[PDB]
Structure formats: structure tokens, C-alpha cells
Amino acid sequence: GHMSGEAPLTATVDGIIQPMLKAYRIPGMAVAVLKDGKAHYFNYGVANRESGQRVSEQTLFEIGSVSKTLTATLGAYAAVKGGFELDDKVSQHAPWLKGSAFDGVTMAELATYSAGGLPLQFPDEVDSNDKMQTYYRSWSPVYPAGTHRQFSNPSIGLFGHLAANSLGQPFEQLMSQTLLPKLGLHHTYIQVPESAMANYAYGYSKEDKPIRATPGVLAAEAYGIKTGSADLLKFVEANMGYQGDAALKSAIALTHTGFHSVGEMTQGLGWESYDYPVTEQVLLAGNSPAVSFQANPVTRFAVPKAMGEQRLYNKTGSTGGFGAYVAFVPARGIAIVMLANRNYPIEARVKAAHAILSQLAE
Ligand SMILES: [Zn+2]
Ligand SMILES: [Zn+2]
Ligand SMILES: [Zn+2]
Ligand SMILES: [Zn+2]
Ligand SMILES: [Zn+2]
């Protein structure tokens with residue numbers, strides 16, 4: 001329908017989400033939406049299949065690459081506070097990288113996966129800081145800087161790591177002691193403390209075994225975050241219109257800058273954005289493997305550009321046992337967060353989210 005109100009919103013959300021849980025055998029999902037800036041919460045199923053613990057808005061889910069939006073915000077915050085400038089060469093912020101290829105890569109290129117073909121993951125044996133440093137120092141670019149986007153955990157991971165170091169604090173400390181408290185996120189973690197473990201969902205693998213995230217070099221930066229729908233929606237609210245800390249406001253704003261595009265998807269810091277309104281087909285294409293699995297030449301921007309409020313900003317994320325999606329449209333006052341403890345297809349996430357956002361826009 002094209003009617004608004006509480007009744008049609010529930011009919012739509014329940015009607016979209018429930019069949020999807022069944023189709024993909026998703027044990028639990030927490031959903032939260034914004035309509036005209038007002039929040040609505042929908043919880044389904046269980047966080048722990050063994051115990052029967054029900055999902056709530058406080059259940060912690062792994063959000064995979066959605067973590068990169070927080071990593072990017074931390075990076076932006078460091079930039080605002082004077083740790084670095086986006087056009088600085090990476091090696092200006094890493095002495096051990098002087099003389100390497102990172103003499104010719106900018107901090108922005110690193111953050112936006114356009115440094116020149118840094119891979120999706122580190123090679124298998126690169127699993128200590130010393131080995132990581134050797135890896136980057138030795139790395140040889142596949143493409144000229146700024147020309148190709150290849151989604152890469154080593155890329156944005158190094159950006160986060162160096163951004164935090166530019167303020168003289170480790171990444172996890174800056175995140176837990178400053179960024180999350182300033183955003184007012186009090187139940188969001190990289191390392192989940194004992195006191196919060198009771199709310200931590202289990203993920204469920206393709207083999208249907210309970211699983212949680214793998215530790216790793218730069219895992220904090222790449223996929224470190226555990227959070228529930230209520231905290232994640234508050235982070236989304238901060239991205240809709242934030243009035244408070246000027247520095248944090250500036251940092252958030254900087255994550256809405258566009259640097260290049262692949263098709264109709266424009267890459268920012270963390271967030272990837274589209275026109276709004278946008279068709280389901282376009283949103284599916286921009287979130288397809290051909291854009292995330294693979295290297296693509298980019299449509300370059302002459303200069304980075306503030307993308308503004310009339311955009312759909314989004315990010316997908318997954319781990320072995322979890323599947324997350326977040327999208328928001330600042331000008332329209334609408335948003336969706338969908339957190340599940342199964343890694344179910346991105347196409348389904350996008351189709352559900354598009355249907356729900358269409359109803360929220362009424
Ligand atoms: Zn309508
Ligand atoms: Zn409601
Ligand atoms: Zn090792
Ligand atoms: Zn370091
Ligand atoms: Zn707190």
C-alpha cells in the first residue's frame with residue numbers, strides 16, 4: 001500500500017522478514033528502522049539455538065564489514081583532530097613504510113580500497129605484526145593508485161591502524177575509550193567483556209555449527225564490531241543529522257564524502273552510497289560480488305565531493321556465522337538495520353531492505 005502509519009509498517013516488516021527467516025533457516029534477527037526520525041524495533045527468533053535465548057535489541061551480533069563504517073569514522077575523527085590529511089602519502093604516517101610503494105598511495109586511497117590492488121585478505125602466513133609490516137613493505141602495486149577499487153581488508157585495516165597511531169593510541173583503545181563513548185554507544189564492543197557475554201549471539205555456519213569470529217591481524221579494524229540493533233541504529237541516527245561534538249560532527253560528515261564510483265555505487269569512507277530514490281536492481285548490482293569480490297576500474301572524481309543528504313548510504317557485512325545490512329537516507333529520515341546470526345545471501349538482505357525502505361518513505 002501507499003498508506004503510512006504503524007499498522008502498515010508492521011505488516012510490511014513482519015511480512016518481509018518472517019518468510020526470509022524460514023527460507024534461509026536464520027535462527028534469529030534483530031531489525032530496527034527509522035521513519036521520520038522515530039525508531040521502531042522488531043525481533044525474531046533466537047540468539048542461541050541451543051538455549052533458546054530470544055533475540056532482542058540488546059543481542060550482540062557480529063556485523064562483519066559494517067565494522068568498517070566505524071573504522072572509517074575513527075579514521076575521519078583522527079583526520080579532523082590533525083593526525084593526518086587525506087591526501088598525505090601513507091608512508092608519511094608509517095616510518096617503516098618509507099621507501100615502499102606506500103610513498104605513492106594516499107591515506108584516502110587506502111581507506112577507499114584504491115591503493116592499487118591490495119588483496120581481499122592477507123596471505124595465509126601474514127598473521128603477526130612483524131609479518132604484516134614486511135608484507136606491506138614488500139607489496140608491489142597491481143594498478144596505478146586511484147584507478148581501481150578492490151575491496152580489501154589489508155587496505156582499510158592499515159588505514160584504521162595508522163589513523164589511530166596518528167593520535168598516539170592503539171585502534172581498540174581509541175574506539176572503546178573515545179569514539180564509542182562520544183557516539184553514545186555503550187553496548188558496542190570489539191572485545192566483548194564478560195559482563196556482556198550473556199547477550200552475545202552465536203553465529204551459525206553453512207554446516208549449521210555455532211561459530212564466532214576469527215581473530216586476526218587487523219581484525220579489529222576490518223570486522224571487529226559486535227553490537228545490537230539499538231546501538232547500531234543510534235550510530236545510524238548520528239549519520240542522519242548530528243548535533244553535538246563539532247569534531248565528531250565533522251568526522252561523520254567526512255564519511256559522506258565520495259571519492260570515486262563503480263557503476264552507480266559511490267565509495268566513501270566506510271559507507272557506500274547511491275542516489276535516492278534508487279531501484280532495487282541498482283542496489284543489487286552495487287552490492288553484487290562483481291563489485292565486492294573483484295577489482296573494478298573506477299570512475300574517478302576530479303576531487304572528493306560531499307555527497308549530501310539525498311543519498312542512500314549502505315554497508316553489508318558478514319562473518320562465518322552472521323549477516324548484517326544497514327542503509328539510511330538522511331534527507332528522507334528513513335533507515336534500516338538488519339542483524340542476523342546466519343550468513344544468508346546479500347541479494348535477500350537488499351531485497352528485504354529495499355521493500356521496507358519503500359514503505360518507510362510513505
Ligand atoms: Zn507510494
Ligand atoms: Zn512502531
Ligand atoms: Zn604466524
Ligand atoms: Zn603499527
Ligand atoms: Zn559507554
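Dipole of the chain (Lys/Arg Cβ +1, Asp/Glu Cβ -1, origin at the Cα centre): which of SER152, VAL46, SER166 lies farthest to the positive side?
Toward the positive end, the furthest listed residue is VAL46.
First check a/c for the range 1-141, with a ≥ b ≥ c the square roots of the eigenvalues of its C-alpha gyration tensor; if it is under 1.5, answer rounded, and if not, answer prolate when a/b is larger than b/c or oblate otherwise.
In terms of gyration-tensor shape, prolate.
Step through the residues of the range 239-256 one at a time and calculate ³J(HN,Hα) from phi using the Karplus curve (6.51 cos²θ - 1.76 cosθ + 1.60, θ = phi - 60°), rounding each to whole Hz and writing x for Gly and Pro.
Those phi angles translate into 7, 8, x, 10, 10, x, 3, 4, 5, 5, 4, 4, 4, 4, 3, 5, 6, 9 Hz.
Rounded to whole Å and ordered largest first, report the semi-axes of the equivalent ellipsoid of the chain derived from its Cα gyration tensor (root of 5λ).
Over the Cα atoms of the chain, the ellipsoid semi-axes are 32, 23, 19 Å.
Nearest 20 debye, what's the magnitude of the dipole of the chain about its Cα centre given +1 on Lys and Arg Cβ and -1 on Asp and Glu Cβ?
200
Which of rounded, prolate, oblate describes the range 122-239, given a ≥ b ≥ c as roots of the alpha-carbon gyration tensor eigenvalues and a/c under 1.5 marking rounded, otherwise prolate only if a/b is larger than b/c?
prolate
Classify the range 67-143: rounded, prolate or oblate, from the alpha-carbon gyration tensor (a ≥ b ≥ c, eigenvalue square roots; a/c under 1.5 rounded; otherwise prolate if a/b is larger than b/c)?
prolate
Quick one: among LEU158, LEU167, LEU269, which has the greatest mean-square fluctuation in a GNM of the chain with alpha-carbon springs under 10 angstrom?
Result for the chain, Cα springs under 10 Å: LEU167 fluctuates most.
Do the sum for the chain: with -39,500 (n - 2.57) for every DSSP H run of n ≥ 4, divided by all residues, what is the mean residue ellipticity at 222 nm, to the nearest 500 deg cm²/dmol?
Result for the chain: -9000 deg cm²/dmol, rounded to the nearest 500.
Find how many whole Å separate the alpha carbon centroid of the range 107-126 from the alpha carbon centroid of the range 300-332.
Result: 20 Å between the Cα centres.
List the residues whose amide H sits under 5 Å from the amide H of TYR200, counting only those 5 or more places along or on another chain, with H placed 1.01 Å from N in the peptide plane.
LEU60
Give me a comma-separated list of calculated 3J(HN,Hα) values for the range 177-187, in order, Karplus coefficients 6.51, -1.76, 1.60 applied at θ = phi - 60°, integers in Hz, x for any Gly or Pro.
Whole-Hz 3J(HN,Hα) from phi for the range 177-187: 9, 10, 5, 4, x, 6, 6, x, 9, 10, 10.
Quick one: which residues, 5+ away or cross-chain, put their amide H under 5 Å from the amide H of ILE334? H built at 1.01 Å from N.
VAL329
Sum up the charges of everything whose Cβ sits under 9 Å from the Cβ of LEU284, counting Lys and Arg as +1 and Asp and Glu as -1, but leave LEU284 out.
Net local charge, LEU284 excluded: -1.
P(r) of the range 257-361 in 10 Å steps, Cα pairs, percent per bin?
Each 10 Å bin holds this share of Cα pairs: 14, 49, 32, 5, 0.
Would you mind finding the longest exposed-site-free stretch of the chain, with exposed trypsin sites (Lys or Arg not before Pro) meaning DSSP loop and at most 11 other Cβ atoms within 10 Å?
Counting at most 11 other Cβ atoms within 10 Å as exposed, the longest clean stretch of the chain is 26-205.
Under a 10 Å cutoff between Cα atoms, tell me which one of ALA101, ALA115, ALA11 has the largest fluctuation in the Gaussian network model of the chain.
Looking only at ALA101, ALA115, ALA11, the biggest GNM fluctuation is shown by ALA11.
Please list the non-local residues whose amide H lies under 5 Å from the amide H of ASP275, H modeled 1.01 Å from N, same-chain partners needing a gap of 5 or more.
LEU312
Taking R0 as 22 Å, what's the FRET efficiency between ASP124 and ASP103 from their Cβ-Cβ distance, rounded to 0.05?
Given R0 = 22 Å and the Cβ-Cβ separation, E is 0.20.
Which percent, nearest 5, of DSSP beta bridges in the chain are antiparallel?
Among the beta bridges of the chain, antiparallel pairing accounts for roughly 95 percent.
Could you give me the ³J(HN,Hα) list for the range 288-300, computed from phi with Karplus coefficients 6.51, -1.76, 1.60 and θ = phi - 60°, whole Hz, x at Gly and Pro?
6, x, 4, 9, 9, 6, 10, 6, 9, x, 9, 7, 6
When the Cα centres of the range 170-213 and the range 1-79 are compared, how far apart do they sit, in Å?
16
If neighbour count is taken as other Cβ atoms inside 10 Å, put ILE63, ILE252, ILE346 in order from fewest to most.
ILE346, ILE252, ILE63
Past 24 Å, Cα to Cα, is the threshold; run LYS68/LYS89; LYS209/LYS315; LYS22/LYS68; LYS209/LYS351 against it and keep the listed order.
From the list (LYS68/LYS89; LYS209/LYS315; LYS22/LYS68; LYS209/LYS351), the Cα-Cα distance tops 24 Å for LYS209/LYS315; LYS22/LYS68; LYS209/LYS351.
All of the numbers you see were taken from the coordinates with simple rules; none came from a lab. Neighbour counts are summed over all protein chains in view; Cβ atoms, including those assigned to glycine, are modelled from backbone coordinates with ideal geometry.
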